[PDB]
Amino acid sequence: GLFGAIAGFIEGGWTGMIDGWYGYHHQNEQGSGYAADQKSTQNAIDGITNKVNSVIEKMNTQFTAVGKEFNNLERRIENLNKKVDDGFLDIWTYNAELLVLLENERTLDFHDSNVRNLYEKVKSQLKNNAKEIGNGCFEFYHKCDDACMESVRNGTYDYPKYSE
């Protein structure tokens, strides 16, 4: 990964999380579960959706009859016509193949970036109130219940309350 999160210091994905692309797993005395971050997920969905639609919709077409008929004294322009069709074929095949290869790379990088940004967003607000394990988790130095966990996910987390 270009940004080093996915298959990075975060080694694997969560089948347990069904509601989004990126999210959180929390465990406290009240219970456990997976929760997807909707802000970062929906933005990613909006971005990728726009990318896909761009690749599809930017293609412009007119009504065209490709085929042409030539008699046996027209061989030269028949082959000119074939040269055109084959040239377009070489161009579109090459460009389509490379466009997909290159943009798939960028799409995976995009996800890798979003995970890292989310990770650093949480890490930034928690500060020294928690210790970073290195697998993408944080061991709290205080008690965090479901109301407290939601504050972290919501970005509304209150540092001075839990300053410990």
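So that the term is clear: the rigid core is the largest set of C-alpha atoms that superpose within 1.5 Å between two forms. A residue's number is simply how far along the shown sequence it sits, counting from 1.
Stretch with greater C-alpha deviation in 4 other deposited structures of this protein, 119-127 versus 63-71 (rigid core superposition): Relative to the shown form, the greater RMS C-alpha distance in 4 other deposited structures of this protein belongs to 63-71.
Between 152-160 and 13-21, which one shows the bigger average Cα displacement from this form in 4 other deposited structures of this protein once the rigid core is aligned? If we average over structures and residues in 4 other deposited structures of this protein, the farther stretch is 152-160.
149-157 versus 13-21 - which carries the larger mean C-alpha B factor in the record: Averaged over C-alpha atoms, the B-factors run higher in 149-157.
Going by the mean C-alpha B-factor recorded in the entry, which is higher: 89-97 or 72-80? Stretch with the higher mean C-alpha B-factor: 89-97.
Using only the C-alpha B-factors in the record, can you name which of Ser113, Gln30, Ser54, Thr41 has the highest? Largest recorded C-alpha B-factor: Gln30.
Comparing against every modelled residue in the chain, figure out the third that the C-alpha B-factor of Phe63 lands in (lowest, middle or highest). It belongs to the lowest third of the chain when residues are ordered by C-alpha B-factor.
Give the position of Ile133 by CA B-factor within its chain, expressed as the lowest, middle or highest third. As the PDB entry reports it, the C-alpha B-factor of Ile133 lands in the highest third of its chain.
Comparing against every modelled residue in the chain, figure out the third that the C-alpha B-factor of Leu102 lands in (lowest, middle or highest). It falls in the bottom third of the chain.
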